[PDB]
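Novice: Structure incoming, see below.
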Amino acid sequence: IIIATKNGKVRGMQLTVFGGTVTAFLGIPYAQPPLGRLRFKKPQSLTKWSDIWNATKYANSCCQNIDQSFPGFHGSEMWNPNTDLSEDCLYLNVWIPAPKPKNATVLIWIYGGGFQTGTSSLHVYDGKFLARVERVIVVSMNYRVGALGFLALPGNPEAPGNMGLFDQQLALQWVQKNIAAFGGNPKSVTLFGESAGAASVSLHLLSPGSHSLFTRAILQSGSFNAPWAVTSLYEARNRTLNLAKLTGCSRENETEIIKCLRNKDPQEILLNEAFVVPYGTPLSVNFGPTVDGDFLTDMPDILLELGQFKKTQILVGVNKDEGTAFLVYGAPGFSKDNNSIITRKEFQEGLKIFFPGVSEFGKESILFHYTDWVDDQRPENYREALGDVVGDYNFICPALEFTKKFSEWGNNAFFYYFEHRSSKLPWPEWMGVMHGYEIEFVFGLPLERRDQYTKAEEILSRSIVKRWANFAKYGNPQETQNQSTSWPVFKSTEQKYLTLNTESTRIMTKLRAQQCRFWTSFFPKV
Ligand SMILES: *[C@@H]1O[C@H](CO[C@@H]2O[C@@H](C)[C@@H](O)[C@@H](O)[C@@H]2O)[C@@H](O[C@@H]2O[C@H](CO)[C@@H](O[C@@H]3O[C@H](CO)[C@@H](O)[C@H](O)[C@@H]3O)[C@H](O)[C@H]2NC(C)=O)[C@H](O)[C@H]1NC(C)=O
Ligand SMILES: CC(C)Cn1ncc2cc(Cc3ccc(F)cc3F)c(C(=O)NCCN(C)C)cc21
Ligand SMILES: *[C@@H]1O[C@H](CO)[C@@H](O[C@@H]2O[C@H](CO)[C@@H](O)[C@H](O)[C@H]2NC(C)=O)[C@H](O)[C@H]1NC(C)=O
Ligand SMILES: *[C@@H]1O[C@H](CO[C@@H]2O[C@@H](C)[C@@H](O)[C@@H](O)[C@@H]2O)[C@@H](O)[C@H](O)[C@H]1NC(C)=O
Ligand SMILES: *[C@@H]1O[C@H](CO[C@@H]2O[C@@H](C)[C@@H](O)[C@@H](O)[C@@H]2O)[C@@H](O)[C@H](O)[C@H]1NC(C)=O
Ligand SMILES: *[C@@H]1O[C@H](CO[C@@H]2O[C@@H](C)[C@@H](O)[C@@H](O)[C@@H]2O)[C@@H](O)[C@H](O)[C@H]1NC(C)=O
Ligand SMILES: CC(=O)N[C@H]1[C@H]([C@H](O)[C@H](O)CO)O[C@@](O)(C(=O)O)C[C@@H]1O
Ligand SMILES: *[C@@H]1O[C@H](CO)[C@@H](O)[C@H](O)[C@H]1NC(C)=O
């Protein structure tokens, strides 16, 4: 029941899963609370305790604005925090198999949410199933989001940038010093994350301070080279200063500004974070990762291009309809409550939403590449086009470009294309296979027979969980026993990927090839 960690003893709880027993250590601190003077600074090493910490409830989530676009709707509220918001939020969770493992592979989860929001305590991140069914140890951590986690005055240690990334990294260090006490193999750690979490995992591949803290990496619908993923030192400053004006903290001494923002309450900082950008989109990362010179020593697209990353295996993939969810967060003519058939004029007005500071020619060039119809009278044409535009530009093509460039340095890479729509999905059907809705299959929620998934879904979760755990254990996401389709390596030439669905699991080649040539070779010029 009690584990001795290097900072003190922690007590866990017992959980019944699938006629077995999993041990959960929920809410173990991994750093001093970043309060007061420590607000905006890097996380600080935690002082020993001599009690027994009761890691028996999820700890506080980090301060964050909440999605209030669909109050009472489960499809949006299931992602909102489900513990108290607090600045005291640097805690982590450990799920160990019971009976205690001997030398188990560790899976470390990093949640997404645009670097502004998220919490490990979400129901779709519950690692008890993975512990039970695969005998891996699952770790997740809370890390600071928004300006409290990524406010940047570059060079200044009072607000150096990337604090939330350093939070994550301090958690990975925690696993290194402590997971062996829990039966875990620190030499066998896989990071996996989704969206901003997956872009975080991709940055830990780049950051030299993380290189000895994990073995392998899984990237779900997200990578650092996505257009929302990194903030420039320019914008980071303009946004750090805009926040200072919006709170009356404008000073001539940069360090005095920070001191001033420390005496503001978390809600005052949260309430002004949206306005630091003049034109925002539904994909607006107001305070995100930056090239700080510490966690990130150069611009990441240059490190990628020139082979400057941890050499190891990666499992990368995306969902079929990544971009549809964002259309009801602002695009004209759209609603989760009608079919959202839009017009050519409605489509064009929607590009101005998602590409605000882009030239008229750039927006015309998006329209041109995405409105050459297989049928001009199909009434869903513009509705589906804009979703693909958002999805290809923001997730699918950056994920493919990352895998391409990363594999070019001789490491095994595996790409998937998740194309199964959940049977219990509360969103409308024109939204398809939405951004974020593989996560429950990865965590094995369809395995519980008691929550109204179909049988075909339990099998698909079962296969995904096996492949995921075989990747973590053996760098190879195969399912070797049940005559499963073999998952080939992704190579720069042939570009083979695995489709994930409940019908046929197929080997295909060169995903969204025509669309990504536009986004990756042309559009970065405009
Ligand atoms: C799908 O739904 C959207 C969203 O509208 C909202 O949700 C619907 C399900 C209904 O409950 C609506 O009452 C509700 O507002 C519809 O988009 C909206 O279409 C209306 C059509 O009248 C637009 O209103 C007009 O807009 C112009 C702007 O120039 C004004 O001149 C007019 O006075 C008038 O208000 C409205 O702007 C528009 N809003 C948004 C956010 O898109 C959409 O028509 C609908 N699609 C369907 C039913 O296929
Ligand atoms: C609301 C502000 C605090 C931030 N904000 N503003 C616009 C917007 C749009 C999204 C997109 C989205 C929403 C619901 C969903 F079901 C799937 C989705 F893709 C998200 C988001 O991603 N929410 C959680 C889903 N996982 C993947 C992280 C967040 C957004
Ligand atoms: C491979 O297939 C076997 C069946 O041959 C699967 O075993 C099932 O396991 C679940 C959970 O223990 C049981 O409810 C089922 O009844 C079993 N099937 C049978 C036919 O008895 C196994 O899970 C599969 N592995 C995968 C898909 O990774
Ligand atoms: C920490 O936990 C101690 C034991 O918890 C209690 O006893 C065990 C056997 C379980 O039944 C558990 O659910 C009970 O709550 C407490 O006695 C102790 O006070 C706790 N420390 C705190 C609350 O600071
Ligand atoms: C635990 O195993 C250690 C070796 O780890 C091995 O190599 C890494 C790269 C992983 O892929 C992992 O699966 C392998 O087991 C030993 O050095 C260590 O002594 C072992 N400790 C035990 C058994 O307590
Ligand atoms: C940099 O910031 C400038 C000022 O920001 C805007 O104006 C003031 C009054 C604040 O209310 C702030 O929130 C506003 O958004 C912008 O004018 C300028 O364009 C910015 N440069 C960028 C975004 O590249
Ligand atoms: C945000 C916060 O600090 N929450 C704390 C809660 C609440 O303050 C109370 O339950 C009243 O809401 O109290 C605890 O003792 C508890 O019971 O877990 C500790 C926990 O950290
Ligand atoms: C800004 O203030 C700090 C102490 O808060 C000091 O070290 C620094 O020299 C100051 N810079 C000025 C006044 O230009």
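Note that chain A carries Swiss-Prot numbering, so the residues on display, from first to last, are 32-557.
Any Cβ shown, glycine's included, is placed from N, Cα and C.
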Novice: So, in Swiss-Prot, which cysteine from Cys291, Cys547 is disulfide-paired with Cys428?
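Specialist: Within the candidate set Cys291, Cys547, Swiss-Prot assigns the bond with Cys428 to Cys547.
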Novice: State which of the following disulfide-bonded residues has the fewest other Cβ atoms within 10 Å around its Cβ: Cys93, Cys280, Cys291, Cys428, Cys547.
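Specialist: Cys291, out of the disulfide-bonded residues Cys93, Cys280, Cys291, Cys428, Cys547, has the fewest neighbouring Cβ atoms within 10 Å.
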Novice: Just to verify a number: CA distance, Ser226 (active site, acyl-ester intermediate) to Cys280 (disulfide bond), in angstrom, no decimals.
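Specialist: Cα-Cα, rounded: 32 Å.
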Novice: Using a 10 angstroms cut-off on Cβ to Cβ distances, just flag whichever of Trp110, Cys120, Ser226, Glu353 is the loneliest among these recorded positions.
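Specialist: Output over recorded positions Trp110, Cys120, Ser226, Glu353: least Cβ neighbours within 10 Å is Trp110.
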Novice: Looking at the recorded positions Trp110, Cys280, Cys291, whose Cα is closest in space to that of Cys547 (disulfide bond)?
Specialist: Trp110
Novice: In sequence order, what residues of the same chain, 6+ apart, have a Cβ less than 8 Å from the Cβ of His466 (active site, charge relay system)?
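Specialist: Listed in sequence order: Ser226, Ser252, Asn350, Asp352, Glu353, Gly354, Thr355, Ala356, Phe357, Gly422, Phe426.
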Novice: From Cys93, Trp110, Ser226, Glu353, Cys547, which recorded positions have a C-beta atom under 6 Å away from some atom of ligand 2?
Specialist: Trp110, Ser226
Novice: To the nearest whole angstrom, what is the C-alpha distance linking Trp110 (tacrine binding site) and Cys93 (disulfide bond)?
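Specialist: About 14 Å separates the two Cα atoms.
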